[PDB]
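K.L.:
If you scroll down you'll find the structure; I have some questions about it.
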Amino acid sequence: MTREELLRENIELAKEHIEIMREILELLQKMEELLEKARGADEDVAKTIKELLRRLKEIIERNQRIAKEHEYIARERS
Amino acid sequence: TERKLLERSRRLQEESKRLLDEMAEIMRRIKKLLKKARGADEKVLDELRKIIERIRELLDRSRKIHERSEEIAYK
């Protein structure tokens, strides 16, 4: 390779490296989009489960109110 | 009286049954939400995994470019 050819290759290599860094920059942003998507998805799921567990807890407390009343009734009917 | 208390108890069993059925559906819905969330996270991690292997392949070429640049500087 001639000197002028080697320097031109140096230039091409630099330009190629910049395009490569750009593609990585693109891919990093796509990673952030995916990480935040899953982040929000797990937070919506967590919210739904949090309220479902709250509904569930109040149903249980009411259940034990009924059960203790049953017991009070069975005692009375004796 | 026996008849009043027995209808009191009978009315409560109707309430309990509706509550127990409601609890059951909630647990099945919770179980499904977790399975769906796991599937969605596995999907994201699948895609993240592929993005990273592209990045690392881009760093293979980056190292090749650097390696070639040092060659040119040597002589």
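Residue numbers start at 1 in each chain; chains themselves are named A, B, ... in the order of the structure tokens; ligands are numbered from 1 in the order shown.
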Excluding range 58-63 of chain B and its own-chain neighbours fewer than 4 positions away, which residues fall within 10 Å of it when counting only C-alpha atoms? Please give them as a PyMOL selection string.
P.N.:
(chain A and resi 13+16-18+20-21+23-24) or (chain B and resi 52-54+67-69)
K.L.:
Would you mind exporting C-alpha atoms of the selected residues as a PDB file, in the first residue's frame?
P.N.:
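Below is the file that was written, part14.pdb:
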ATOM      1  CA  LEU A  13     -11.273   3.499   9.586  1.00  0.00           C
ATOM      2  CA  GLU A  16     -16.236   3.517  10.135  1.00  0.00           C
ATOM      3  CA  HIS A  17     -15.508   3.725  13.866  1.00  0.00           C
ATOM      4  CA  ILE A  18     -17.822   6.729  14.216  1.00  0.00           C
ATOM      5  CA  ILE A  20     -20.073   1.921  14.731  1.00  0.00           C
ATOM      6  CA  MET A  21     -20.173   4.081  17.862  1.00  0.00           C
ATOM      7  CA  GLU A  23     -25.006   2.213  16.092  1.00  0.00           C
ATOM      8  CA  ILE A  24     -24.063   1.358  19.681  1.00  0.00           C
TER       9      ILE A  24
ATOM     10  CA  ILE B  52     -26.104  -6.818  23.832  1.00  0.00           C
ATOM     11  CA  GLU B  53     -24.665  -9.455  21.495  1.00  0.00           C
ATOM     12  CA  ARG B  54     -25.001  -6.942  18.652  1.00  0.00           C
ATOM     13  CA  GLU B  67      -5.864  -3.200  15.698  1.00  0.00           C
ATOM     14  CA  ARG B  68      -5.607  -2.211  12.032  1.00  0.00           C
ATOM     15  CA  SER B  69      -4.877   1.408  12.971  1.00  0.00           C
TER      16      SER B  69
END
K.L.:
Do me a favour and pick out the residues of chain A within 8 Å of chain B, using only C-alpha atoms, as a list in words.
P.N.:
residues 6, 10, 13, 17, 20, 24, 27, 31, 34, 35, 38, 41, 42, 45, 49, 52, 56, 59, 63, 66, 70, 73 and 77 of chain A
K.L.:
Mind giving me the straight-line distance from CA of residue 71 in chain B to CA of residue 14 in chain A in Å, one decimal?
P.N.:
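Taking CA of residue 71 in chain B and CA of residue 14 in chain A, their separation equals 14.1 Å.
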